[PDB]
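Computed from heavy atoms alone, side chains included, the values below leave out hydrogens, waters and symmetry copies. Just so it is clear: chains get the letters A, B, ... in the order the sequence lines come, proteins before strands, and each one is counted from 1.
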Amino acid sequence: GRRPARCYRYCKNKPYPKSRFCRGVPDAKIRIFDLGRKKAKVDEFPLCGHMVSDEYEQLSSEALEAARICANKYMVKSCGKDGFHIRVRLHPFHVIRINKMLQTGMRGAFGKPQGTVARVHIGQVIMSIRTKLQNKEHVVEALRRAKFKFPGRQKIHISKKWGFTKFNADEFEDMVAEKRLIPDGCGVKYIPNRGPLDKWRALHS
Amino acid sequence: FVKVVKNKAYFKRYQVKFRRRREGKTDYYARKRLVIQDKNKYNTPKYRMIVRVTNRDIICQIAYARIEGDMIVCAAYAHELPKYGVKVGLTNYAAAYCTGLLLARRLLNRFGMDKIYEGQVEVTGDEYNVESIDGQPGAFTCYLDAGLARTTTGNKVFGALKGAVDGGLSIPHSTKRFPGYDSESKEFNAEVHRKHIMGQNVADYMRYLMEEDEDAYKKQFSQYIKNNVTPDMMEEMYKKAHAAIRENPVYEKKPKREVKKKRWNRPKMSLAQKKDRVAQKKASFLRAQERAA
Amino acid sequence: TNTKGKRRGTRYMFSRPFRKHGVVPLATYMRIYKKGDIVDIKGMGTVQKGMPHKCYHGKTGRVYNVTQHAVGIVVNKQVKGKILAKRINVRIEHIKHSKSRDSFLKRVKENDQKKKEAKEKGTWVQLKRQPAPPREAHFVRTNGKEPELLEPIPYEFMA
Amino acid sequence: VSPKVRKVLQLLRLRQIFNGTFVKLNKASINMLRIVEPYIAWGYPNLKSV
Amino acid sequence: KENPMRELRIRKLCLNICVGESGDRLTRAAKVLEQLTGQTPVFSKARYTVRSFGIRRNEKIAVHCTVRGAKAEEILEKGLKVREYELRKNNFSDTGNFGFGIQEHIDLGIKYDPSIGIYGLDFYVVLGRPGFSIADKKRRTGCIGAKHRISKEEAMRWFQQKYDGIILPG
RNA sequence: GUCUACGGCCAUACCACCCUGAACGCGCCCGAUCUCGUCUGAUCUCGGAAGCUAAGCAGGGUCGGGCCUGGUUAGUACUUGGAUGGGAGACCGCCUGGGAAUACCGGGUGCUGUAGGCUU
RNA sequence: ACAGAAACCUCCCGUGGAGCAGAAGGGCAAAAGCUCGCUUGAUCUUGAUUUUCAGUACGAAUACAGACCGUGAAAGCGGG
RNA sequence: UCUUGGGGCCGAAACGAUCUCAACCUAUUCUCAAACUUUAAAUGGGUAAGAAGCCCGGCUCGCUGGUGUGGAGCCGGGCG
Ligand SMILES: [Mg+2]
Ligand SMILES: [Mg+2]
Ligand SMILES: [Mg+2]
Ligand SMILES: [Mg+2]
Ligand SMILES: [Mg+2]
Ligand SMILES: [Mg+2]
Ligand SMILES: [Mg+2]
Ligand SMILES: [Mg+2]
Ligand SMILES: [Mg+2]
Ligand SMILES: [Mg+2]
Ligand SMILES: [Mg+2]
């Protein structure tokens, strides 16, 4: 139904968002970016692996949907439906056009919206998985399988940050002990030595 | 619940107006037209007569604008009028006239043109404009800066303006806003204006109260009674004030006196003091918590 | 093609800076401009009268005429292979005294004084500027501290 | 030769290949030599070279 | 001892009759206010044309006026009397004002006349302190300051003492 | 130390809340005969001087928000000029020069001109 | 009070999130918006200039200059 | 979270109790813009780097004007 993904692999056009100028864009193939036990607290899943893009290219919303299912099914089978949390880190905002031929030719060749893609840079995280530290093997295998749904080269990388947080795993526990970090569900709020001293009193009372 | 309008972003985008505007003192739409000189006149000063009536005082100043701020050429205050025999009513229309007259004479004395441009020595309350005398220094020209005052007929800024032109200052103006202008006929009654300049409307009120209710008279005119100012003598009180103003309009600055260095408000707490206070507060909070347990 | 509109492409050029909208400070109107002065042209969108054309925004000219509100400026404009001395009328809001020559006038006064003062003292002083010379020989004391050894850091995939 | 390089080479007077000139160094001239960097070989001559 | 310049006072009493339409009724409604207040009231036009209410834009549908000074107390006492000096708690605004309604103006001591009819009306009281007017003046206008504002509790207290009124819950 | 009138720059000056304000001021404040204007002397205008710093206003405070200014981010991202450099490409590295911005961390919190007062 | 999501009155917050004929962009808060009062600078006239540009025309626009005016207390503003 | 709803749910029944899911609000969080932006490069565009300058004394004016003020113009003189 759609052209082979080699036709829209490269970031050749400027970003083309669905806006008030580009009307008629069909809905993206991927509508869910978080799945698994999304409600696990920050402290339940210390491990985090990433699928990191090694190329500057465009991924179709179809391949994001395909990879998500691929990585999600393998985790449900090797860790259980409540043993992980998957977050797809790319959103298909750039719109790809089509100049449909059956005949004007190249006259009036500007194309109609055909789909959506995510523009991914080198070193940019495609999708992330957080789970328990004893499932590190199953995370790598899930992301290794999902690579086959994407064009180009992607690298797997087990992060040093605690879960989906921005704070290193080697010190995350210490910061929570002294109330520099406050769990707020999947993540942690950061407490600076700033602001009204009342907020400090509340945290220490 | 509704969105906090004054959130963090409301302050990141907020643009404060000019300080004097925030204070509600200056009208910059009017100021731009009042003070800005034509560019082909270069450094030629553009003078204006600032009149500001406070709750208790009338300030008359002559100033021109410079880039660093206005320069006050001359200033006359109504609280100076007791030196000339006017003890009370220092914000009424007659006082405004005297203050403006005092401002005019003081300026002309300073430039040495007081003998040349004596203005209307005998007050008639009628349209008077000074004519520059050929072969003499030109008559001083200033414009009236009314400020935020509402310029209806009888506003006291025009009382000070009338006193200033009568002193020999050239100020463009019409009689439409002097007291005595009848809006219906579009005719101006000079005599009604003269009554106000002499405070007869104030004198009439005193009599009208005395004849009607004596108790109200004391409440309204308690300082007139104390200073022994009666309705009949007010007109000659003001006429004498004008002459004394004209006779010697110069200002003898109050002699400054060295005073003991005293501080009447706190200075800023230092970083160390502000830092220690937090440390003391934190120690106090935990100390209390331990006691409770 | 494009349009020949007078203000095409001035969306940002003539807009006011961030949180600097509103009233124009009156010192902008109190500046004194004289024949021969050098002024930088900068269109201000708050005042739409006497607006310089976009091609003159960011150019510096010379005042030759002064009127009640505006001035006449002789400013070079390049059109294709020639440069034209153009005469524009610009309200004084959209200009400012150029400080490019002030450094020169400061130098002229300093030059003349040194020229005058040195003459009465029978000495030759330098007056002409010079380009920055190569730095002269010098000693670097170690203060008994061995220079810190630096090494390249290992690679790490901090992805 | 690009227009900027071509003008700087004429100012150094190196209008022909394997032409040589002395240049006294300073911020004005060192930055000119940077522009014509792909087109010149230069260095510090010793007394015997002079 | 409280500073005398903190005493609560009635800034103004605002009477409003929204007749809902123009014509004879609205003219009659104007006369009711004039008898009650002794001053000429002013008409208000509809901001927007609303079909459901049968009012067109710029159509006079309401008449109101402001009463200050002693007369505000006299007209306020009449209305409070008809209410038996009882107000619900929700009748007080968070800014220190309150109001109430009157179904028939004939209860306010106005004799009925056949050529006028019967009208209801709203009663609103704006409370304040000295210096509240700095926010209404042309020169150097300012804000009164938090410690000077009137709270909902302050107004209810004022109502209870001033008239011995009763504040019903709910 | 400080205020009043008129200002320049226009938050280091703003916003929220709290404390303190000698003197003179600036105010709030008391009235509506006159000038003037209102449905309303509320505002505007006019005539005053019983009271009060309650508020405005001034100074100070807040591990205050903002704002100003540095540090880090980082010689990173980006970039001028170069090669018969790499790679199927996408792109990337190096040579010669220039060189950012968040988050995060710290410091600061109006200066000042003219004229005129108060403060032994 | 009727009165309700929506009628009208009151207080508070409100940096413009409105409005300024229209497309959009810019500009604007004691205003350029809204409401009143008076009006015809949308008038007569010679040159210079800018924009497109060939540095031609028109069109449109900018500073002035000379008359008659309007408005305002006035500074001023206005020849759409 | 009651400031509005869907489900429930014990009733005499209410804004009584009870949860529960939503809208809402407050802090965070993932990802973006050719027709967004507080910031903000590199390369780039204009101008200046003197004798047509600088500094003195004087004269003209119907222009501006409190002022023999301002501005411009002109004359003479000195500085390489
Ligand atoms: Mg095929
Ligand atoms: Mg393309
Ligand atoms: Mg005005
Ligand atoms: Mg407060
Ligand atoms: Mg005292
Ligand atoms: Mg009053
Ligand atoms: Mg106090
Ligand atoms: Mg802070
Ligand atoms: Mg201060
Ligand atoms: Mg206006
Ligand atoms: Mg004209």
North or south sugar at H:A12 (positive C1'-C2'-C3'-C4' torsion counts as north): south

Between the protein and nucleotides 16-26 of chain G, list the N/O to N/O atom pairs that are separated by less than 3.5 angstrom.
residue	atom	partner	partner atom	Å
G:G25	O3'	C:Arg11	NE	3.4

Kindly state whether the bases of H:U64 and H:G65 qualify as stacked, with ring centres closer than 5.5 Å and planes tilted less than 30 degrees? yes

Nearest heavy atom decides the nucleotide; on that basis, is C:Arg91 or C:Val79 closer to the 5' end of RNA chain G? C:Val79

WC/wobble flag for F:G113 and F:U73, Watson-Crick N1-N3 plus second contact under 3.5 Å: no

Return no unless some side-chain N or O of C:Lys35 is found under 4.0 Å from OP1 or OP2 of H:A72. no

Polar atom pairs between nucleotides 78-80 of chain H and protein, under 3.5 Å, N or O only, would you list them?
residue	atom	partner	partner atom	Å
H:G80	OP1	C:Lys119	NZ	2.6

If each of B:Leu34 and E:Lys12 is mapped to the nucleotide of RNA chain G with the nearest heavy atom, which maps nearer the 5' terminus, i.e. the 5' end? E:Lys12

Glycosidic conformation of G:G41, taking syn as within 90° of 0 and anti otherwise: syn

Under the side chain to side chain donor-acceptor pair (under 3.5 Å) test, which residues partner E:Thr37, sequence neighbours left out? none

Please check if the number of heavy atoms outside E:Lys137 that lie under 6.0 Å from its NZ is greater than 12. yes

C1'-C2'-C3'-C4' for G:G70: north (positive) or south (negative)? north

Taking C1'-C2'-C3'-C4' positive as north and negative as south, where does F:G65 sit? north

Is the distance between the ring centroids of B:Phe178 and B:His173 less than 6.0 Å? yes

Can you tell me how far P of H:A33 sits from OH of A:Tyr16, to the nearest Å? 16 Å

Once you apply a heavy-atom cut-off of 4.0 Å, does B:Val202 come out as touching a base, just sugar-phosphate, or nothing? sugar-phosphate

Which part of the nucleic acid, if any, lies within contact of B:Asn265, taking any heavy atom under 4.0 Å across all strands shown: a base, the sugar-phosphate backbone alone, or nothing? sugar-phosphate

Pucker family that the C1'-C2'-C3'-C4' torsion assigns to G:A7: south

Work out the sugar pucker of F:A49 as north or south, treating a positive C1'-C2'-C3'-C4' as north. south

Can you tell me the distance, in whole Å, between the CG atom of B:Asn55 and the P atom of F:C29? 10 Å

Rounded to whole angstroms, how far apart are CZ on A:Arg194 and P on F:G106? 8 Å

So what does C:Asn76 touch, heavy atoms closer than 4.0 Å: a base, only the sugar-phosphate, or nothing? sugar-phosphate

Once you round it to whole Å, what is the distance between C1' of F:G8 and CZ of B:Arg19? 9 Å

Determine the contact category for E:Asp136: base if any of its heavy atoms lies under 4.0 Å from a base atom, sugar-phosphate if only primed atoms, P, OP1 or OP2 are that close, otherwise nothing. sugar-phosphate

Salt bridge flag under 4.0 Å for residues C:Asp112 and C:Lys109: no

With hydrogens left out and only the distance checked, is there a donor-acceptor pair under 3.5 Å joining B:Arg22's side chain and the base of F:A13? yes

Just to be sure I understand the rule, does B:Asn7 reach a base, reach only the sugar-phosphate, or reach nothing, if contact means heavy atoms closer than 4.0 Å? nothing

Using a 3.5 Å upper limit on both distances, decide if F:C36 and F:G41 constitute a Watson-Crick or G-U wobble pair. yes

Both distances under 3.5 Å, Watson-Crick or G-U wobble: does F:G99 pair with F:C44? no

Counting the atoms with a prime plus P, OP1 and OP2 as sugar-phosphate, which does B:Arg177 contact under 4.0 Å by heavy atoms, base, sugar-phosphate, or nothing? sugar-phosphate

Under a 3.5 Å cut-off for both contacts, is H:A22 paired Watson-Crick or G-U wobble with anything, and if yes, with which nucleotide? H:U4

Does F:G31 pair with F:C63, Watson-Crick or G-U wobble, where both distances are under 3.5 Å? no

Is there a donor and acceptor pair, one atom on the side chain of C:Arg129 and one on the base of H:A49, closer than 3.5 Å? yes

Taking only side-chain N and O atoms of A:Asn193, does any of them lie within less than 4.0 angstrom of OP1 or OP2 on F:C105? no

For E:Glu2, the salt bridge (charged side-chain N to carboxylate O under 4.0 Å, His left out) test, sequence neighbours excluded, returns E:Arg6

Under 4.0 Å between a side-chain N/O of E:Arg129 and OP1 or OP2 of F:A54, yes or no? no

Roughly, in whole Å, what's the span from CZ in B:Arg56 to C1' in F:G51? 11 Å

All side chain to side chain donor-acceptor pair (under 3.5 Å) counterparts of E:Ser133, not counting sequence neighbours: none

Indicate, with a heavy-atom threshold strictly under 4.0 Å, whether B:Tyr93 touches base, sugar-phosphate, or nothing. sugar-phosphate

Rounded to the Å, how far apart are B:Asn201 CG and F:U45 P? 17 Å

Measure from NZ on B:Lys6 to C1' on G:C12 and round the result to the nearest Å. 11 Å

Tell me what A:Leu197 touches on the nucleic acid: a base, only sugar-phosphate, or nothing, going by heavy atoms under 4.0 Å. base

Dot-bracket notation for RNA chain G, counting Watson-Crick and G-U pairs under 3.5 Å, with | for partners on another strand: ..................((......))............(.(((..((((.......))))..))))(((....)))..

Which is true for B:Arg21 with a 4.0 Å heavy-atom rule: it touches a base, it touches only sugar-phosphate, or it touches nothing? base

Pick base, sugar-phosphate or nothing for B:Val4, based on heavy-atom distances below 4.0 Å to the nucleic acid. sugar-phosphate

Give the rounded distance in Å between these two atoms: NE2 of B:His79 and P of F:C3. 18 Å

Side-chain donor or acceptor of E:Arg140 under 3.5 Å from a matching atom on the base of F:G56? no

Between F:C63 and B:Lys281, is there an OP1 or OP2 to side-chain N/O distance shorter than 4.0 Å? yes

Please classify the nucleic acid contact of E:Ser52 as base, sugar-phosphate, or nothing, using heavy-atom distances under 4.0 Å. base

Regarding C:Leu84, tell me which of base, sugar-phosphate or nothing describes its non-hydrogen contacts under 4.0 Å with the strands shown. base

Students often get this wrong, so: under 4.0 angstrom with heavy atoms, is C:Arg101 touching a base, only sugar-phosphate, or nothing? sugar-phosphate

